[PDB]
């Protein structure tokens, strides 16, 4: 039930070569618990702290199950955003590099004719996608579910939310009745867990109490801003005060991302911005330029709150507080990846500091006032 070495998981030699080439050495806590029941075919609900390696948990399990000589799609992974799907596809391709497993991204904002021409010719072993384009390709029969034996929902509690649950159900109805289902997330509320009883067969539950989700390496602070009209000057002050690797600044609406980005540019501050109403060509460039370090400060919506992994991010600023409790955990988790040291700063008006106290109580955490004029907080 606990297997502390990749060497003891009965993985193929090519899969192990790919794991070690990517730079892993020992499995994370969640990997030691969840890879083997997934390989064995059990329905699994896998929860673990942000940044602990849930991607490779399902990636390694899918790869080990692939029948390489079967030229058909055998596994389908869904993610809530295009950026997250693209990121998962790269991890899966890297881990399976020595196996020649094929992994295809089925995501919106890409040219449909080009995808259709690829899928008319080849049946990728592994599909990583977003729900809209996946449902589209299933309806037009360019993706076949005939041999899909593994269905993975990353960020599963978001995928089973009001906005996505019906999309996931529509896709699920296309799949064979015997398909294995694997769910992963940092957050798994009891109401989402009840929805899983409707479609998962007596799953293995690896769950983490909410009071244990917060990372020790992510120091959480708040700043009394009192008035919303004062947030902009506070941000500008934090730009000049704080030591700057890379930072993500979260905003609750696309409209306000656009507003804030213009305000910062007018004041000669260098920032980039991304949200879901931008052309996908622009999203791809912005994401690429943040990954490379060309841009160090990104203003974004919850488009980038879940799953995105930029190791150099050490600072998250909640310029708007998240209304949703679960979202708070995902946001601050963009800093402090795989045990790195991070800071999260919450900007709080009078009306916000209630919402803040409820977050503190729910997660049994403590959020401290940010020191004055301290450049290096943690």
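Residue numbers count along the first chain shown, from 1.
For the pair 236-244 and 92-100, the record assigns the higher mean C-alpha temperature factor to 236-244.
As listed in the deposited structure, the average C-alpha B-factor of 112-120 and of 156-164 is greater for 112-120.
When the C-alpha B factors of 49, 318, 55, 311 are read from the deposited coordinates, the top value falls at 311. Taking only the listed residues 302, 282, 170, 268, the entry reports the highest CA temperature factor at 268. In the deposited entry, the Cα temperature factor of residue 146 places it in the lowest third of its chain's modelled residues. In the deposited entry, the Cα temperature factor of residue 178 places it in the highest third of its chain's modelled residues. Among the modelled residues of its chain, residue 212 has a C-alpha B-factor that falls in the highest third according to the deposited record. Ranked within its chain, residue 256 lands in the middle third, by CA B factor from the PDB record. Ranked within its chain, residue 192 lands in the middle third, by CA B factor from the PDB record.
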